[PDB]
Amino acid sequence: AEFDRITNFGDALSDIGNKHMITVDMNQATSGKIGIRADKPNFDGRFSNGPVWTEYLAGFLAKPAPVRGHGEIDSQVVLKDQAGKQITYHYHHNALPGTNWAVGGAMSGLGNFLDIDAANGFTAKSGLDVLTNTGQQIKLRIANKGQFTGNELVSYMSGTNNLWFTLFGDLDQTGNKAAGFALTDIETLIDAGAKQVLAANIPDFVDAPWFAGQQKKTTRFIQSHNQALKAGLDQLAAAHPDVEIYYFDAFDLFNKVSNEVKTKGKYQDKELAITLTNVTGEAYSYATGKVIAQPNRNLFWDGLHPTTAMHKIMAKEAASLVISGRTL
């Protein structure tokens with residue numbers, strides 16, 4: 001072989017419980033004044049009803065399962081009850097020097113972001129921006145664990161949230177601006193001695209329930225993001241011929257599965273024991289907590305995250321890429 005371990009960077013498509021467990025730890029440290037992200041009925045802090053694709057990926061490749069990793073957290077958390085009376089916490093967590101540095105909500109590029117809520121009549125004033133963007137994860141991994149030895153496979157899957165906070169936040173990025181941030185991040189991996197890079201584009205989320213009414217904006221971003229991303233990875237592969245870059249075309253995989261289900265009625269993988277019959281509906285309703293009888297019929301778990309069945313589909317394709325040795 002050429003790698004005995006996998007390192008993962010990105011968002012809730014890859015995260016095995018960082019966003020969840022930091023909200024759990026902050027909830028405990030504040031006696032319940034911070035809301036828990038990825039609560040039940042989500043599976044053990046995954047934004048899905050089971051393991052995510054990084055977990056199936058270790059399985060398919062016979063490598064160690066992902067272990068959560070993150071950098072030191074140190075924040076002054078300022079909250080106000082509904083009287084406007086202020087309460088301050090010094091929240092601290094030691095670095096966790098694991099292998100899966102992915103975090104729900106993370107955008108391509110550097111810095112911290114806000115994706116945690118106050119609970120129980122409290123409102124957050126400052127200090128809740130403790131979560132780390134994909135480039136920041138890489139920065140913190142390198143600080144804690146040093147340069148890559150080159151016996152690693154490094155997964156990179158980011159950009160979904162550059163879209164998310166453009167649609168619903170005050171981020172105001174084009175797809176190709178978001179791609180730029182991804183390409184800077186992947187270059188940092190190469191510069192840090194990454195010799196095997198599994199780089200995924202943004203899935204085809206045109207039918208993501210949470211993007212209802214935003215289909216044109218989401219289409220333009222994802223296509224212009226993925227166009228720029230691919231162009232940039234071809235250049236990086238030319239610049240770095242000692243680096244194996246595998247382009248996981250998550251968009252094309254999603255598009256194929258969605259197409260098979262709309263035109264044939266199902267997408268069946270007999271080797272995975274998975275049959276999808278639904279590529280447009282939520283298996284789980286965020287607002288009610290209610291969950292359909294057979295979620296693993298669905299592409300979508302909630303209004304955006306895939307089900308564990310779709311994660312296994314994603315991991316099979318990615319694993320086949322690496323095993324096939326099809327690099328840029």
# chains A, B, ... in the order shown; residues from 1 in each chain; ligands from 1

$ closest_atom_pairs --of "region 12-78 of chain A" --to "region 301-318 of chain A" --cutoff "10 Å" --atoms "only C-alpha atoms" --output "JSON lines"
{"residue": "A:12", "atom": "CA", "partner": "A:305", "partner_atom": "CA", "distance": 7.6}
{"residue": "A:13", "atom": "CA", "partner": "A:305", "partner_atom": "CA", "distance": 6.8}
{"residue": "A:14", "atom": "CA", "partner": "A:311", "partner_atom": "CA", "distance": 9.3}
{"residue": "A:42", "atom": "CA", "partner": "A:301", "partner_atom": "CA", "distance": 9.0}
{"residue": "A:43", "atom": "CA", "partner": "A:308", "partner_atom": "CA", "distance": 9.4}
{"residue": "A:46", "atom": "CA", "partner": "A:308", "partner_atom": "CA", "distance": 9.5}
{"residue": "A:47", "atom": "CA", "partner": "A:305", "partner_atom": "CA", "distance": 6.3}
{"residue": "A:48", "atom": "CA", "partner": "A:307", "partner_atom": "CA", "distance": 5.3}
{"residue": "A:49", "atom": "CA", "partner": "A:308", "partner_atom": "CA", "distance": 5.9}
{"residue": "A:50", "atom": "CA", "partner": "A:308", "partner_atom": "CA", "distance": 4.8}
{"residue": "A:51", "atom": "CA", "partner": "A:308", "partner_atom": "CA", "distance": 5.6}
{"residue": "A:52", "atom": "CA", "partner": "A:311", "partner_atom": "CA", "distance": 5.2}
{"residue": "A:53", "atom": "CA", "partner": "A:311", "partner_atom": "CA", "distance": 4.4}
{"residue": "A:54", "atom": "CA", "partner": "A:315", "partner_atom": "CA", "distance": 6.9}
{"residue": "A:55", "atom": "CA", "partner": "A:315", "partner_atom": "CA", "distance": 8.2}
{"residue": "A:56", "atom": "CA", "partner": "A:315", "partner_atom": "CA", "distance": 5.7}
{"residue": "A:57", "atom": "CA", "partner": "A:315", "partner_atom": "CA", "distance": 4.9}
{"residue": "A:58", "atom": "CA", "partner": "A:315", "partner_atom": "CA", "distance": 8.8}
{"residue": "A:59", "atom": "CA", "partner": "A:315", "partner_atom": "CA", "distance": 9.0}
{"residue": "A:60", "atom": "CA", "partner": "A:316", "partner_atom": "CA", "distance": 7.0}
{"residue": "A:61", "atom": "CA", "partner": "A:316", "partner_atom": "CA", "distance": 9.6}

$ select_by_dssp --residues "region 78-318 of chain A" --states "helix (DSSP H, G or I)" --output "PyMOL selection string"
chain A and resi 134-145+160-168+175-191+209-211+215-239+250-264+295-297+308-318

$ write_last_selection --atoms "C-alpha atoms" --output "JSON list (two decimals), in the first residue's frame"
[["chain", "number", "residue", "atom", "x", "y", "z"],
["A", 134, "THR", "CA", -11.83, 23.86, 7.06],
["A", 135, "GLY", "CA", -8.52, 25.84, 6.55],
["A", 136, "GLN", "CA", -8.43, 26.58, 10.32],
["A", 137, "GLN", "CA", -8.84, 22.80, 11.04],
["A", 138, "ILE", "CA", -5.76, 22.18, 8.81],
["A", 139, "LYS", "CA", -3.86, 24.99, 10.57],
["A", 140, "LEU", "CA", -4.73, 23.46, 14.01],
["A", 141, "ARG", "CA", -3.97, 19.85, 12.88],
["A", 142, "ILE", "CA", -0.48, 20.94, 11.64],
["A", 143, "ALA", "CA", 0.18, 22.85, 14.92],
["A", 144, "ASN", "CA", -0.89, 19.84, 17.10],
["A", 145, "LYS", "CA", 0.37, 16.87, 15.01],
["A", 160, "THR", "CA", -21.46, 23.46, 1.13],
["A", 161, "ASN", "CA", -21.42, 26.03, 4.00],
["A", 162, "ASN", "CA", -19.89, 28.83, 1.77],
["A", 163, "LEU", "CA", -23.22, 28.33, -0.11],
["A", 164, "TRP", "CA", -25.23, 27.94, 3.14],
["A", 165, "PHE", "CA", -24.13, 31.23, 4.78],
["A", 166, "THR", "CA", -24.35, 33.06, 1.35],
["A", 167, "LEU", "CA", -28.07, 32.01, 1.09],
["A", 168, "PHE", "CA", -28.94, 32.42, 4.83],
["A", 175, "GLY", "CA", -18.97, 29.65, -6.12],
["A", 176, "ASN", "CA", -15.56, 30.38, -7.68],
["A", 177, "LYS", "CA", -14.58, 32.72, -4.72],
["A", 178, "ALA", "CA", -15.50, 29.79, -2.36],
["A", 179, "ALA", "CA", -13.46, 27.41, -4.63],
["A", 180, "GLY", "CA", -10.45, 29.79, -4.26],
["A", 181, "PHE", "CA", -10.59, 29.33, -0.45],
["A", 182, "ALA", "CA", -10.78, 25.49, -0.98],
["A", 183, "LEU", "CA", -7.75, 25.57, -3.35],
["A", 184, "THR", "CA", -5.73, 27.67, -0.80],
["A", 185, "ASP", "CA", -6.70, 25.02, 1.84],
["A", 186, "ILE", "CA", -5.63, 22.06, -0.40],
["A", 187, "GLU", "CA", -2.34, 23.87, -1.27],
["A", 188, "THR", "CA", -1.70, 24.19, 2.54],
["A", 189, "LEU", "CA", -2.08, 20.37, 2.77],
["A", 190, "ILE", "CA", 0.48, 19.88, -0.08],
["A", 191, "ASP", "CA", 2.85, 22.49, 1.50],
["A", 209, "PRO", "CA", -35.31, 20.56, 0.95],
["A", 210, "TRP", "CA", -33.63, 23.47, 2.84],
["A", 211, "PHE", "CA", -32.67, 25.02, -0.61],
["A", 215, "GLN", "CA", -32.68, 26.28, -6.74],
["A", 216, "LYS", "CA", -31.24, 28.74, -9.37],
["A", 217, "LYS", "CA", -28.87, 30.46, -6.83],
["A", 218, "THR", "CA", -27.71, 27.00, -5.50],
["A", 219, "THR", "CA", -27.23, 25.63, -9.07],
["A", 220, "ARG", "CA", -25.05, 28.63, -10.24],
["A", 221, "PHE", "CA", -22.89, 28.53, -7.02],
["A", 222, "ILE", "CA", -22.31, 24.73, -6.99],
["A", 223, "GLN", "CA", -21.48, 24.53, -10.76],
["A", 224, "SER", "CA", -19.18, 27.67, -10.72],
["A", 225, "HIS", "CA", -17.63, 26.37, -7.40],
["A", 226, "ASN", "CA", -17.01, 22.84, -8.83],
["A", 227, "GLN", "CA", -15.78, 24.21, -12.23],
["A", 228, "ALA", "CA", -13.15, 26.43, -10.48],
["A", 229, "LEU", "CA", -12.29, 23.68, -7.94],
["A", 230, "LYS", "CA", -11.52, 21.07, -10.66],
["A", 231, "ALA", "CA", -9.46, 23.58, -12.78],
["A", 232, "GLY", "CA", -7.45, 24.48, -9.61],
["A", 233, "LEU", "CA", -6.82, 20.79, -8.69],
["A", 234, "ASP", "CA", -5.54, 20.02, -12.28],
["A", 235, "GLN", "CA", -3.01, 22.91, -11.80],
["A", 236, "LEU", "CA", -2.01, 21.66, -8.28],
["A", 237, "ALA", "CA", -1.54, 18.09, -9.69],
["A", 238, "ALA", "CA", 0.79, 19.50, -12.45],
["A", 239, "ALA", "CA", 2.69, 21.69, -9.88],
["A", 250, "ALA", "CA", -19.68, 13.91, -5.38],
["A", 251, "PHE", "CA", -21.82, 16.18, -7.64],
["A", 252, "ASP", "CA", -21.88, 13.59, -10.51],
["A", 253, "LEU", "CA", -22.58, 10.72, -8.00],
["A", 254, "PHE", "CA", -25.53, 12.65, -6.48],
["A", 255, "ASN", "CA", -26.75, 13.60, -9.99],
["A", 256, "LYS", "CA", -26.61, 9.90, -11.20],
["A", 257, "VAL", "CA", -28.47, 8.56, -8.06],
["A", 258, "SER", "CA", -31.10, 11.39, -8.25],
["A", 259, "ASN", "CA", -31.55, 10.71, -12.01],
["A", 260, "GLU", "CA", -31.82, 6.87, -11.53],
["A", 261, "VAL", "CA", -34.56, 7.39, -8.87],
["A", 262, "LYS", "CA", -36.60, 10.02, -10.87],
["A", 263, "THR", "CA", -36.47, 8.03, -14.23],
["A", 264, "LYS", "CA", -36.29, 4.35, -13.01],
["A", 295, "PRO", "CA", -35.07, 6.58, 6.34],
["A", 296, "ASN", "CA", -32.50, 4.46, 4.36],
["A", 297, "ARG", "CA", -34.92, 4.72, 1.35],
["A", 308, "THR", "CA", -26.20, 6.81, 6.31],
["A", 309, "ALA", "CA", -27.22, 4.76, 3.18],
["A", 310, "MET", "CA", -26.27, 7.69, 0.87],
["A", 311, "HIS", "CA", -23.03, 8.16, 2.93],
["A", 312, "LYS", "CA", -22.14, 4.49, 2.22],
["A", 313, "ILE", "CA", -22.89, 5.05, -1.53],
["A", 314, "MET", "CA", -20.56, 8.14, -1.39],
["A", 315, "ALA", "CA", -17.77, 6.16, 0.42],
["A", 316, "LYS", "CA", -17.98, 3.23, -2.09],
["A", 317, "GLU", "CA", -17.37, 5.67, -5.02],
["A", 318, "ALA", "CA", -14.48, 7.46, -3.11]]

$ closest_residue --among "A:9, A:101, A:122, A:113" --to "residue 80 (chain A)" --atoms "only C-alpha atoms"
A:122

$ residues_around --residues "residue 27 (chain A)" --least-positions-apart "6" --cutoff "10 Å" --atoms "only C-alpha atoms" --output "list in words"
residues 21, 33, 34, 35, 36, 118 and 119 of chain A

$ decode --residues "region 37-53 of chain A" --atoms "N, CA, C and O atoms" --output "mmCIF file, in the first residue's frame"
data_model
loop_
_atom_site.group_PDB
_atom_site.id
_atom_site.type_symbol
_atom_site.label_atom_id
_atom_site.label_comp_id
_atom_site.auth_asym_id
_atom_site.auth_seq_id
_atom_site.Cartn_x
_atom_site.Cartn_y
_atom_site.Cartn_z
ATOM 1 N N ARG A 37 -26.230 20.754 19.363
ATOM 2 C CA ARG A 37 -26.349 20.522 17.907
ATOM 3 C C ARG A 37 -26.256 19.014 17.668
ATOM 4 O O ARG A 37 -25.514 18.352 18.442
ATOM 5 N N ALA A 38 -26.956 18.509 16.634
ATOM 6 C CA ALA A 38 -27.008 17.075 16.266
ATOM 7 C C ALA A 38 -27.465 16.268 17.486
ATOM 8 O O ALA A 38 -26.814 15.233 17.795
ATOM 9 N N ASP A 39 -28.544 16.704 18.163
ATOM 10 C CA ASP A 39 -29.194 15.889 19.227
ATOM 11 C C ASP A 39 -29.934 14.698 18.592
ATOM 12 O O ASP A 39 -29.991 14.604 17.341
ATOM 13 N N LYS A 40 -30.531 13.827 19.420
ATOM 14 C CA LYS A 40 -31.442 12.760 18.924
ATOM 15 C C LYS A 40 -32.555 13.484 18.172
ATOM 16 O O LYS A 40 -32.951 14.554 18.626
ATOM 17 N N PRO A 41 -33.081 12.939 17.050
ATOM 18 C CA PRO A 41 -32.784 11.568 16.624
ATOM 19 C C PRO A 41 -31.565 11.356 15.721
ATOM 20 O O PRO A 41 -31.476 10.291 15.156
ATOM 21 N N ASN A 42 -30.727 12.377 15.505
ATOM 22 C CA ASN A 42 -29.422 12.210 14.810
ATOM 23 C C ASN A 42 -28.621 11.135 15.557
ATOM 24 O O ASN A 42 -28.675 11.099 16.788
ATOM 25 N N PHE A 43 -27.826 10.377 14.820
ATOM 26 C CA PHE A 43 -26.989 9.264 15.326
ATOM 27 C C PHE A 43 -25.684 9.807 15.938
ATOM 28 O O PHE A 43 -24.789 10.265 15.206
ATOM 29 N N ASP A 44 -25.614 9.805 17.270
ATOM 30 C CA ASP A 44 -24.345 9.964 18.046
ATOM 31 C C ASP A 44 -23.533 11.148 17.492
ATOM 32 O O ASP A 44 -22.320 11.031 17.205
ATOM 33 N N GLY A 45 -24.213 12.272 17.303
ATOM 34 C CA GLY A 45 -23.577 13.549 16.963
ATOM 35 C C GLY A 45 -23.215 13.683 15.499
ATOM 36 O O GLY A 45 -22.649 14.718 15.187
ATOM 37 N N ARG A 46 -23.487 12.674 14.654
ATOM 38 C CA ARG A 46 -23.440 12.799 13.176
ATOM 39 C C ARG A 46 -24.672 13.592 12.759
ATOM 40 O O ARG A 46 -25.701 13.466 13.426
ATOM 41 N N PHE A 47 -24.555 14.392 11.704
ATOM 42 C CA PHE A 47 -25.714 15.020 11.026
ATOM 43 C C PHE A 47 -26.246 14.016 10.003
ATOM 44 O O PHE A 47 -26.154 14.269 8.815
ATOM 45 N N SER A 48 -26.724 12.874 10.490
ATOM 46 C CA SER A 48 -27.295 11.744 9.692
ATOM 47 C C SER A 48 -27.940 10.764 10.677
ATOM 48 O O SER A 48 -27.849 11.012 11.903
ATOM 49 N N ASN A 49 -28.498 9.662 10.179
ATOM 50 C CA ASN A 49 -29.196 8.639 11.006
ATOM 51 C C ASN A 49 -28.221 7.483 11.240
ATOM 52 O O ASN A 49 -28.638 6.426 11.706
ATOM 53 N N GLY A 50 -26.954 7.678 10.894
ATOM 54 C CA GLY A 50 -25.905 6.663 11.081
ATOM 55 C C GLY A 50 -24.546 7.239 10.719
ATOM 56 O O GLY A 50 -24.443 8.451 10.501
ATOM 57 N N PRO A 51 -23.502 6.376 10.607
ATOM 58 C CA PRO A 51 -22.177 6.813 10.199
ATOM 59 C C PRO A 51 -22.205 7.605 8.892
ATOM 60 O O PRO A 51 -23.043 7.367 8.031
ATOM 61 N N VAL A 52 -21.245 8.509 8.786
ATOM 62 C CA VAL A 52 -21.004 9.378 7.605
ATOM 63 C C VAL A 52 -19.898 8.754 6.741
ATOM 64 O O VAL A 52 -19.284 7.723 7.133
ATOM 65 N N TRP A 53 -19.695 9.326 5.566
ATOM 66 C CA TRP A 53 -18.916 8.680 4.487
ATOM 67 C C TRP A 53 -17.456 8.487 4.900
ATOM 68 O O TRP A 53 -16.816 7.566 4.334
#
